[PDB]
Every structure is written in C-alpha cells, then in structure tokens.
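Peer 1: how would this look folded up:
(chains A and B)
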Amino acid sequence: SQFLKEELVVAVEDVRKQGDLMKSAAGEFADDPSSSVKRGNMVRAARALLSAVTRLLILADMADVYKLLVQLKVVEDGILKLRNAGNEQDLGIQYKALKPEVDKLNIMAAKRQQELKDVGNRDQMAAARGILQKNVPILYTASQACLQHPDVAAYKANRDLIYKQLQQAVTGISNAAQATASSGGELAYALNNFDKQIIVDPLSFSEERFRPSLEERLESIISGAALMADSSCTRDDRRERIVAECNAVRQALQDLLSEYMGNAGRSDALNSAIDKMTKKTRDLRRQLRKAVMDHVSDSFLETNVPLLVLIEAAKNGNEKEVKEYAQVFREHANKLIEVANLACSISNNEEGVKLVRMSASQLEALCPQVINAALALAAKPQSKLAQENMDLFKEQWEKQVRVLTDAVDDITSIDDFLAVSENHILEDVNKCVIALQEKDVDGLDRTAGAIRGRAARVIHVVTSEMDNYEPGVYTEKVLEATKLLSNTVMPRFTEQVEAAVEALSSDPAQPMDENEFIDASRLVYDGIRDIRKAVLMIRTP
Amino acid sequence: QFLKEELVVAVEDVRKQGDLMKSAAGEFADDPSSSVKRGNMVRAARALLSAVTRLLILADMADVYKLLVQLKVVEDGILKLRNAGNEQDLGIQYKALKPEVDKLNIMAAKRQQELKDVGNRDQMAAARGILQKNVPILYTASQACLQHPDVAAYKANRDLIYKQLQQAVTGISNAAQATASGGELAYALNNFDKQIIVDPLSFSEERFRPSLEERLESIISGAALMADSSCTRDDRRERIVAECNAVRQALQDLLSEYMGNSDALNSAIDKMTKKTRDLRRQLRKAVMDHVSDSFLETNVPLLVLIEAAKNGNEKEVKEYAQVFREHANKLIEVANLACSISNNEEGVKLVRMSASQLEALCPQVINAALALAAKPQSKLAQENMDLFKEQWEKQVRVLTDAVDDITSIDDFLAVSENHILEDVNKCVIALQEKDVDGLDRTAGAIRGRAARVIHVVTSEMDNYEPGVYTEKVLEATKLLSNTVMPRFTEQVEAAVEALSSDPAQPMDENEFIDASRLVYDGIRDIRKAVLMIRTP
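Peer 2: Numbers count the residues shown, from 1 in each chain, chains lettered A, B, ... in the order given. Okay, here it is:
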C-alpha cells in the first residue's frame, strides 16, 4: 500500500494545481457574465480539474480494494484457524480475535459493494457478506460440538459443510471486489417472446433457417408447462387443464401454420389466426398461474411439521427412525424448493425471482445440516450441547422457511391466492361437514386442521400484502376483516370441532348439535370471502 | 441564455468546495499518515467532484439549448430560402444562411463529440453532413426553379432537397436531444466472446441461458442479414448457414458442459471460441465476396440513364431511374454489411456518413434525368446533369475508397484471385463453346475486376513510403495493367471479331489461353509480392 500512497500524493498535487487553475479561471469569468471566452476557459479548466479529481478518486478506489484483499486473506486465515481448533480453549480464543477482523471485513466489503457498478457483482457481494456473518458464529458452535462430542461424525460433516460455505463466501467476496470490469423468469421470458415472435412471414429464407422454428419455441414451452403440471405437487385439476391448454395452443399454432403457409402475401385471413394464438398463449399463461397458486395454497401448510417429527424422534435416542424421518424431511424440503422453483419460473418480476431462488438455495443447503444435527442429537440424546445444536438448527429452519414463504408471497398476486384459497377452503369445509355427517372422527380432525392452517396462511398473506400499501382507510377495513376472522371465527370453529370430536370419542356417544358446527364452518368460508372482497376494492383491473 | 444565473451559482459552489478540498489536502499532505485526514481529503475530493460535475452538466445543457435555437434559426432560414421568389431574394437568403449554417454545423460537431452514445453520434454526423452538402444544392435548385417555372422537374428537385434538409434538421434535433440510453454486429459478436464464460462453481443453468441464447439469436439475425442478401453468393450463404448451425450446436454443447459444475469443460469453451471465430471468418469472407463482385461497375446505370435522358425518352428514363435506385440500394447494402462487422470505428463512421450522403444524392440525379428528358434542348439541363453526375461519381469513388480502408487488402486479393480465376474459366469455356455474349460479358468482368485490383493496390500502396517493398509490388501492378490487359483485351476482341464474322477462324486459341493464364498469374503475382510483410 506504499506505491499507491506515493502515486496518490502525486495525484493530489495534480488536483491542487488544477484547483488553482480552476479558481483563477472562475474568478476571471465571474467578472464577465457575457464573455464567451472567459466562459470557455472556465469550462476548459473544469473538465481538466474533474479529470484530475477522477484520477485521484480512482486511486483511492484501488487503495480500498488493496486493503480489502488483505483483510479477506486475514479473515480466511482466521476461519482456517477457528476450524482447526484443538480444545474449547483455543477455539474460545480464535473467536475473540476473529470477530473484530470479520466485522472490519464486512464493513469494508459493504463499502466496496456500494463502490461497484455491475449489479450481479453487487448481489454476489451481498450474499457473500451474508453467508459470512451467518456462518462464522455457526462455525464456532459447530467446531465446539465437534470438540465436545468427537464420537459423532455428523458434527464433523456439519463443521466441514459450514467451512466450505465460508470459503465459498470468501472467494465470492474476492471476485466480486476484484473483478471491476464489464432478468425475468424462464417461462415468462419465452412466453412473451413467443407472443411477439409470431408477427413475421416465415415462408421467407431469412427466418426459417436462421431463426428457430416457431414450432420448436412452442415445443420447449410445452416442455416447461408439462414439467410444472407433472410435478408431484400438482392437483389433477390443474394437470387436466394444462393438458387442454397445451393441446389448444398447438391447434392455434397449426391453424396459424396453415394460415401463413398458404398466404405469403404482403393479407387478412391470418390476423384471426394471430389473434387466436395470442389468446391461447394468454390462457396458458393464466393456467400456469392457477397451477402455481394451487401449489402455494396447498404445499405451504404444515410448514415445520417433518422437522418436528424428526426432532421428536431424535430426542428419544432413536437411530433408524431418525434416518427414515430425515429422508422424509429432505423430501419435503425438496418439495418446498420445487414449488418455489415453479413459482420462480412463471414469474415476471426480476427482483422477486432472485430472492426466491436464493432463499430456496440457502434452505436447500440448510437441509442436510439440520438432518445431521438431528442425527447427532439422537446419537448423544443425554447431552446439553447436542440439544442446543438441534434447537439452533430448528430455529434456522423455521426462519428460512418463513423467508421463502414471504418471498413466494410477494412474488405472486395477492387476490389469486385469495380466490384459490377461498375455493380450497370451501372444498375443505365441505369435506369437514361430510366427515361429521358420517361421524368420521379422523376425517373431521384432519379437515379441521387443514381449514385452520389455510386460514392462518391466508391471514399471514393478507397482512404481508397489506403492508405494501400506505396506512389508510382501505387497509383499515381490510385488516379489520382480517383480525375479525382471526380472533373470532377460527377459535369458534376450533371449539366446535373439539366438542364434536369429544362427543364422538367417549364412552357414551353424545349427540352434539350438528347445526352450530355447520354454522362455524360457513362462518370460516364467509370470513374468507369477506376478506377477499375487502382486498379486491382498491383496484379495477 | 437565461441559465447563467445557475451558472454563477454552481461557480461559487465549485469555488467553495475546491477551497475546502485544497485545505483538506493540505491537512493530509502535512500529515501524510493519518486515516482521518486522508479520509477527509477523499471526502472533499468526492464533494468537489460532485460540485464540478453539476457545473459541467449545467454547461452541457446550456450548449444544448443554444444549439436548439440555432437549429430553429437555420430551419426557418431554409424555409425562407425555398419560398424565395426572386434570384435577388434567393441570394439574400443564402447570404444570411451560409454563416448560420456553418455555425450550426460546428455546434453539431461539438455536441456530436459530446454525445454519450456511439450510434446517435453517427446519425447526427450524417444528418449534419447532409445539411452541409445540400444547402448549396438547394440554392441552385431554387435558382433553376425560379428561372424555368414551367418545368416541374426543377420544382420537384428543389422540394426534394428541401424535404431532405428538413429531415436533416429534425434528425439533428432528435439525435442531439435524446442522449437517453465499433460496428453493429461486430460489437455484439465480440461481447458474446466476452460473455462466453463468467464463473464455474457459481454457475446457474437458469441465470445464463437468457444471456447466451439471446446473444446467439441476435448474432444469428445480424449474420442472416448479410448471408441472405441481394448480393451475396449462394455457396457463401450456405457456408454461413453451416457455420451458424455449428455455432448454435457449440453454444448448446457449452451449456450442457456448464451443467456439470471446471476441468474437462475447457474443451467446450475452446470449441465455442472456435465456432465463433470461424463464423467471423465466414462473414468477413462474405463481405469480401460482394466487394469484388459489386464494385467493378460503378457508372453503368448512371451512363445508360444519362444517355436515355439526353435523347429524351420517358419510359426508358423511368426504367433507368428504377435500375439506378436498385443500384444505389445494392451499394448501400454492401456499405452497411461491411460496416456491421468491422472494428474500425472511425472508418465505419466515415463509410456510413458517405453512404447516407450518396443515398440522398440518388433521387437528385433521378430528378436531373427528369429535367433532361423533359427539356433536352434547354440550356440549364446540361449543367444540371453535369453537376449531379460529377457529385455522383465523386461520392461513388468516395464510398469505394472508404470501404477499402475498413476492408483488409489481403482478403480482397484472395477473393479477387479466386473470382477472376472463375471468370477466366468461364471465358475459356465460352470461347470453346463459342459464346459471343459469353466472351463479351466474361472479358468485361475480368477487366473490371482487374481494374478494381489496380485501384485498391494503388490506394493502398500510398499508405506506405517508397522502398524495396513498395517498388516490388508497384512493378507487378504496373506490369499487370500495361502488359496483360492489353494482351487480353486484344485477344478477346480478336475472338469476337473473327468468330462473330464470316470466316469463323480458330482465333489462335493457344494465345488466348496464354493471355488468360497471364491475367490470372499476374493477379496472383501481385498478391505474392505484396504479401511479404509478416507471417503471423
């Protein structure tokens, strides 16, 4: 940092000389507000002084990058040392001297991130700083669990996983800072392309052998749409409708194909075909929206349930049940990630797609860590620190699930969720009244749980999409309907269901009032519908 | 000019900030090792930079407004120059215009070199060049519309020039205004080659497919413009399509290889760079293809139109105007194509400026033919056609030598040698088949391409300074011109004489083939001589 200092003093002397020149020229113009020459000399000095100041400030930029490289190498060595800890005394010291350098690095890297220009590097820098700050205090506890219970290898796997993520964050900072030289969804991009790429006459030899076949674009679009509609998370309803829409958007293209193949005239018969094609593409767009809303309303319930089953089986020292429920938990996490990926696919917003994919990837990286933490707790169940690790990883899991949930909420339309959840909760209150009408205790319990979960989901979604607007009268009425369904309708419905289940599962079968139960169910539905209409007022399209 | 108030505001601001920065820099240099004083120096430097950049953008906006007012002045003065009724009033409006038009041209040059864009730069350059070259032409068009008020051709020409100047001033307005954002296709091609790789480990399959696929498709469109062109050989565009499919396959292969991560995937990247370089070479070969194949006959439709308009035919001169327009468009195509792939930025600017100038000049010669066919006896028709043909041939050779200086000479020599070998075999086989039109056309083509070679090597050997390398190739070119073309034109005309007559005598076919192999070997020899610069 010495050559930089000398050349920076050089540049600052340059800048002071230019400032003297600029002051002289400006004082000379200040006398003649009319001389087009004094004005010319003023601007000619301004440009050169601006160039000199720019030289100096880019020297300062290079100096800050120089400092950040060695700070990053310092924290790299510190991470390597905190990993290679011997006992809880050397480890407890490596942390009391790494946090200062970690914080200095984080601040300098935020500075350099604000100094960047390319936004991909901005986000790489932000994610690297975030992973750094999240994993250093977690690498501490992982190394502590390694050194206290060295008999379990799951702790070693977690220590090494967090160390690898930390080194990846180090290298990400390095490249996002050093490299100073120089966005919608996948299905939405191709859908808008195919919407616009059907306006040219392809009988010519200029866009039938160079540009892609207007059939191949549709075929890859169908590949994506049937990838979504074949997901294990898709209902049969959306699947049938997506099949219908794919076969109706291939018929509107074959109609358009036989319209452009026989025209080749610079025509009107093909305007009907292009309008039909536009409308069929818009309809398949809407159907993919309906399918992803199906996914959001369905799979985003019982969010932290496999985790709870896993930790409850791991609190009891079990080993094979832990592996079974851990494979199940990995599967459910991958189900969440697949749903988030489909919703990222059909989405147009550039920022939301990035947040969704990044949060889902972080949750995917967290999945094996909490699996190993549950395994290591079950391996040493009568341990304090294993219990603490399990608690920490369960809280991390709940937080990551909540942030992925909010990302998918904000990346999608509010009233679409309102309507799909309204119809689903109607189907479910019907399932509930039916399970009661035949005294099906299991069906009644399951359906009431589904109804309550969907209600709480809708309340969280409505309160999340209600903060995007200013505190006003519309928000007042909407949040009033929300808290009314909150503190009234759902507790009443729950008490009704509990009374019915108690009346069924008793030594004397008690004839509960079947009338008020149905009233609480229809109250759930009508509250959902009321809130839906309340949110559906401040917009006209 | 009412903004000078904010100017003095920003001047006082910049003075205060510069004094503050000089004080802070003195504090730093007096204590060269202080994290606080250095920080304050940098803070003051950034504040001073913000102040002087505010001042700079204020000055640029003042520049822009004064240019807008000058442009409105020139526009209204041109409106006066067109509607002038007297030659006295036309002279007075031109007297009041010429300095104001020069002022507008200088200001437009300033705001062109100060444009934050690279394309609107060229647009306004061409527009103000049109305004620079056509106002003195509107003067004479109006003088000849006020001196022959009967011939509607003179009025059509005057008003065509007026509409062109109005397009020029509106273009200057639109270009210098909206600064809101090498060559057309070469830029995207080199940036494709820049974006082929980024980061192996943090590589997402759904974050780079848009960039790479869309870049590939834009490149494919830019190359299809050149391959599927009015003047580009069939085999050439088939070769281009082959290389386009190859580069598409290579892009998809590079995508499927970046799906696996950074070891064995280097081969896919090398194949990608190979395919993009080979497509670059095929496009350059296509440009060189329609250079020798289109620049050999420059004044043909002009000459035929001039003769058929001097004779006064109406239908003939109209068909010749259409062939003249087809020729001008066929040449503008080659201009834009050779521009879109060259990295010589200033050369591209010059070529495109000359190309738009000639594009505007074409309908002027059209209306000159209009004036000649309608009044062939009239005194002013001769001078009108003479001026416009002079300007036309001037701009033709200007665009020729302008594209010559963005086109590598060695590729020109290669494509010219292969093309004249092709035409010489055509000529031989037409002499053995005894085709009078065949020999006529083939000898014309060979002689024209040889003259093309002569002109390009003459215009290229002046960029060097006379030495052994200079004279060694100058001798070959002089030998070609003053030896083989005589001995070839002589043989082919002896053929068309003895064959297209009664005796049908064998026109000494061995000497004919001797002259043909002579012209091939002479072009090849000039090539071999001038190619003694470097090997890598």
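Peer 1: domains of chain A?
Peer 2: A:2-178, A:187-280, A:300-408, A:413-541 (automatic domain parsing).
Peer 1: Please name the nearest non-neighbouring residue to the residue in the stretch 401-541 of chain A that chain B sits nearest to.
Peer 2: Going by CB to the nearest CB, chain B is nearest to residue A:411 of the stretch 401-541 of chain A, at 14.9 Å. All C-beta atoms are positioned from the backbone trio N, CA, C, and that covers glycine. Nearest residue to residue A:411, sequence neighbours excluded (CB to CB, 6 or more residues apart in numbering or on different chains): residue A:352, at 3.6 Å.
Peer 1: Number of residues surrounding the one you found?
Peer 2: 20 (other CB atoms under 10 Å in any protein chain shown).
Peer 1: I'd guessed it sits against residue A:413; true?
Peer 2: No. At 11.5 Å, residue A:352 does not count as touching residue A:413 under the criterion of CB atoms under 8 Å.
Peer 1: returning to that earlier point: what are the phi and psi values at the residue of the stretch 401-541 of chain A closest to chain B?
Peer 2: phi -80, psi -10 (degrees, to the nearest 10).
Peer 1: List the contacts of it.
Peer 2: By CB atoms under 8 Å, 6 or more residues apart in numbering or on different chains, the residues touching residue A:411 are A:343, A:344, A:347, A:349, A:352, A:353, A:355, A:356.
Peer 1: Just give me the residue closest to the centre of chain A.
Peer 2: By CA atoms, centre = their mean, chain A has its centre lying nearest to residue A:356, at 1.7 Å.
Peer 1: Tell me which residues touch that residue, please.
Peer 2: A:340, A:343, A:344, A:347, A:404, A:407, A:408, A:411.
Peer 1: Could you pull out the helices in the stretch 351-500 of chain A for me?
Peer 2: Using DSSP state H, counting those that start in this stretch, the helices found in the stretch 351-500 of chain A span residues A:384-410, A:414-437, A:441-466, A:473-484, A:490-504.
Peer 1: mind putting these in TSV, mean neighbour count included?
Peer 2: Output for the helices of the stretch 351-500 of chain A, formatted as TSV (neighbours: other CB atoms under 10 Å in any protein chain shown):
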stretch	mean neighbour count
helix A:384-410	18
helix A:414-437	19
helix A:441-466	19
helix A:473-484	16
helix A:490-504	17
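Peer 1: Switch those helices over to a markdown table; also include distance to residue A:12.
Peer 2: Shown next, in a markdown table, are the helices of the stretch 351-500 of chain A (distance: least, CB to CB, whole Å):
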| stretch | distance to residue A:12 |
| --- | --- |
| helix A:384-410 | 46 |
| helix A:414-437 | 55 |
| helix A:441-466 | 51 |
| helix A:473-484 | 54 |
| helix A:490-504 | 68 |
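Peer 1: Got phi/psi on residue A:535?
Peer 2: phi -70, psi -20.
Peer 1: Surely it is in contact with residue A:416?
Peer 2: No. Look at residue A:535 against residue A:416 with CB under 8 Å: they stay out of range, at 11.2 Å.
Peer 1: Show residues contacting stretch A:65-85.
Peer 2: If you take CB under 8 Å, 6+ apart as the criterion, stretch A:65-85 is touched by A:1, A:4, A:91, A:94-95, A:97-98, A:101-102, A:104-105, A:108-109, A:112, A:132, A:136, A:139-140, A:143, A:147, A:159, A:163, A:166-167, A:170, A:173-174, A:177-178, A:180.
Peer 1: List only those of those residues flagged as buried.
Peer 2: Using 16 or more other CB atoms under 10 Å in any protein chain shown as the burial test, the contacts of stretch A:65-85 include A:4, A:91, A:94-95, A:98, A:101-102, A:105, A:108-109, A:112, A:132, A:136, A:139-140, A:143, A:147, A:159, A:163, A:166, A:170, A:173-174, A:177, A:180 as buried.
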